[PDB]
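K.L.:
Below are the C-alpha coordinates for one structure; questions will follow.
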Amino acid sequence: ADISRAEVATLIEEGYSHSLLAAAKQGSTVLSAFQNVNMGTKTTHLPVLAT
Amino acid sequence: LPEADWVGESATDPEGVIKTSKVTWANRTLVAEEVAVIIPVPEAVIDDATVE
(Lines give C-alpha, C1' and ligand atoms only; values in the text may rest on other atoms or scores of the structure.)
Protein backbone atom coordinates (compact mmCIF):
# COMPACT_ATOMS: atom_id res chain seq x y z
CA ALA A 1 0.00 0.00 0.00
CA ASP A 2 1.00 3.66 -0.67
CA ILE A 3 -0.30 7.29 -0.56
CA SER A 4 -1.24 8.41 -4.12
CA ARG A 5 -1.96 12.02 -5.23
CA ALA A 6 -5.68 11.13 -5.01
CA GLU A 7 -5.18 9.96 -1.36
CA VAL A 8 -4.26 13.51 -0.12
CA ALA A 9 -7.40 15.12 -1.62
CA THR A 10 -7.71 18.95 -1.21
CA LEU A 11 -4.46 19.17 0.77
CA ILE A 12 -3.19 19.94 -2.78
CA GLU A 13 -4.77 23.18 -4.05
CA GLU A 14 -5.14 24.27 -7.71
CA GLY A 15 -3.88 27.79 -8.60
CA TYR A 16 -5.27 30.55 -10.88
CA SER A 17 -3.69 32.99 -13.41
CA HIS A 18 -5.26 35.82 -15.46
CA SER A 19 -2.20 35.95 -17.83
CA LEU A 20 -4.28 34.59 -20.79
CA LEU A 21 -7.42 36.65 -19.78
CA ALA A 22 -7.15 39.71 -22.01
CA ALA A 23 -8.60 40.64 -25.43
CA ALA A 24 -7.79 43.80 -27.41
CA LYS A 25 -11.03 45.39 -28.71
CA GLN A 26 -11.38 46.49 -32.38
CA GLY A 27 -13.47 49.53 -33.45
CA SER A 28 -15.56 49.74 -36.65
CA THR A 29 -13.73 50.39 -39.93
CA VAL A 30 -16.31 52.76 -41.42
CA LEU A 31 -16.23 55.23 -38.46
CA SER A 32 -12.45 55.71 -39.09
CA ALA A 33 -12.49 55.46 -42.92
CA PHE A 34 -15.25 58.05 -43.59
CA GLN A 35 -16.69 61.33 -42.23
CA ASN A 36 -18.82 60.98 -39.07
CA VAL A 37 -21.79 63.37 -39.55
CA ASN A 38 -23.25 64.50 -36.21
CA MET A 39 -27.07 64.14 -36.65
CA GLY A 40 -29.62 65.99 -34.44
CA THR A 41 -32.77 64.15 -35.77
CA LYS A 42 -33.72 60.87 -37.55
CA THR A 43 -33.62 62.04 -41.22
CA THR A 44 -31.23 64.42 -43.03
CA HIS A 45 -31.86 65.23 -46.71
CA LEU A 46 -28.88 65.81 -49.02
CA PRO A 47 -29.60 67.12 -52.57
CA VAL A 48 -27.29 65.89 -55.40
CA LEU A 49 -26.92 66.80 -59.09
CA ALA A 50 -28.67 64.06 -61.15
CA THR A 51 -28.74 65.04 -64.89
CA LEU B 1 24.69 11.67 -25.26
CA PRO B 2 22.28 10.43 -22.50
CA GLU B 3 18.46 10.42 -22.98
CA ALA B 4 15.83 11.69 -20.50
CA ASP B 5 12.15 10.63 -20.46
CA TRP B 6 8.77 11.72 -19.06
CA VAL B 7 7.80 9.72 -15.96
CA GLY B 8 4.29 9.01 -14.60
CA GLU B 9 3.51 9.28 -10.86
CA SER B 10 2.08 5.77 -10.05
CA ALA B 11 3.93 3.42 -7.65
CA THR B 12 2.77 0.23 -9.53
CA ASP B 13 2.65 1.25 -13.24
CA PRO B 14 5.70 0.59 -15.54
CA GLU B 15 5.53 4.23 -16.84
CA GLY B 16 6.24 5.34 -13.22
CA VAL B 17 9.97 4.31 -13.28
CA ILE B 18 12.81 6.72 -14.14
CA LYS B 19 14.85 5.11 -16.98
CA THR B 20 18.63 4.64 -16.94
CA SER B 21 20.96 6.11 -19.60
CA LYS B 22 24.74 6.64 -20.21
CA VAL B 23 27.36 9.17 -21.35
CA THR B 24 30.37 7.82 -23.34
CA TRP B 25 33.75 9.02 -24.63
CA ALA B 26 36.30 7.97 -27.28
CA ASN B 27 40.01 8.66 -27.99
CA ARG B 28 41.86 10.51 -30.82
CA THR B 29 45.69 10.45 -31.29
CA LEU B 30 48.34 12.89 -32.42
CA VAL B 31 51.15 10.60 -33.75
CA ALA B 32 54.34 12.35 -34.95
CA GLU B 33 56.15 11.22 -38.16
CA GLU B 34 59.40 12.39 -39.88
CA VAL B 35 59.57 14.30 -43.18
CA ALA B 36 63.03 15.08 -44.59
CA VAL B 37 65.31 15.84 -47.59
CA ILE B 38 69.08 15.67 -48.32
CA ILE B 39 70.67 18.03 -50.91
CA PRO B 40 74.34 17.26 -51.90
CA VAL B 41 76.70 19.80 -53.63
CA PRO B 42 80.44 19.96 -54.59
CA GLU B 43 82.42 22.05 -52.09
CA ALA B 44 84.30 23.84 -54.92
CA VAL B 45 80.84 24.94 -56.22
CA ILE B 46 80.02 26.41 -52.77
CA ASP B 47 83.37 28.27 -52.85
CA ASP B 48 82.99 29.61 -56.43
CA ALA B 49 79.33 30.77 -56.11
CA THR B 50 78.72 34.52 -55.57
CA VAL B 51 75.68 33.93 -53.26
CA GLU B 52 75.64 32.09 -49.88
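Residue names in the C-alpha coordinates use chain letters A, B, ... in the order shown, residue numbers from 1 in each chain, and ligand numbers from 1 in the order shown.
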What are the residues of chain B that have an atom within 12 Å of an atom of chain A, counting only C-alpha atoms, as a VMD selection string?

P.N.:
chain B and resid 8 to 12

K.L.:
Tell me, as a VMD selection string, which residues lie within 10 Å of residue B:18, counting only C-alpha atoms; anything in the same chain fewer than 5 positions away does not count.

P.N.:
chain B and resid 4 to 8

K.L.:
Based on the backbone DSSP call, show me all residues of chain B assigned alpha helix (DSSP H), as a PyMOL selection string.

P.N.:
chain B and resi 43-48

K.L.:
Output N, CA, C and O atoms for every residue in that selection, as a tab-separated table (two decimals), in the first residue's frame.

P.N.:
```tsv
chain	number	residue	atom	x	y	z
B	43	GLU	N	81.97	20.96	-52.96
B	43	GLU	CA	82.42	22.05	-52.09
B	43	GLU	C	83.13	23.17	-52.88
B	43	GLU	O	83.00	24.34	-52.55
B	44	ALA	N	83.78	22.84	-54.00
B	44	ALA	CA	84.30	23.84	-54.92
B	44	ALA	C	83.19	24.73	-55.51
B	44	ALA	O	83.38	25.92	-55.69
B	45	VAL	N	82.00	24.17	-55.76
B	45	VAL	CA	80.84	24.94	-56.22
B	45	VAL	C	80.33	25.88	-55.14
B	45	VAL	O	80.02	27.03	-55.45
B	46	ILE	N	80.32	25.48	-53.87
B	46	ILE	CA	80.02	26.41	-52.77
B	46	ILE	C	81.03	27.55	-52.74
B	46	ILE	O	80.65	28.71	-52.58
B	47	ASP	N	82.32	27.26	-52.90
B	47	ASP	CA	83.37	28.27	-52.85
B	47	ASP	C	83.31	29.25	-54.03
B	47	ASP	O	83.53	30.44	-53.84
B	48	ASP	N	83.03	28.78	-55.23
B	48	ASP	CA	82.99	29.61	-56.43
B	48	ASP	C	81.72	30.46	-56.56
B	48	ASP	O	81.78	31.53	-57.16
```

K.L.:
Mind giving me the straight-line distance from atom CA of residue B:30 to atom CA of residue B:2 in Å, one decimal?

P.N.:
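The value is 28.0 Å.
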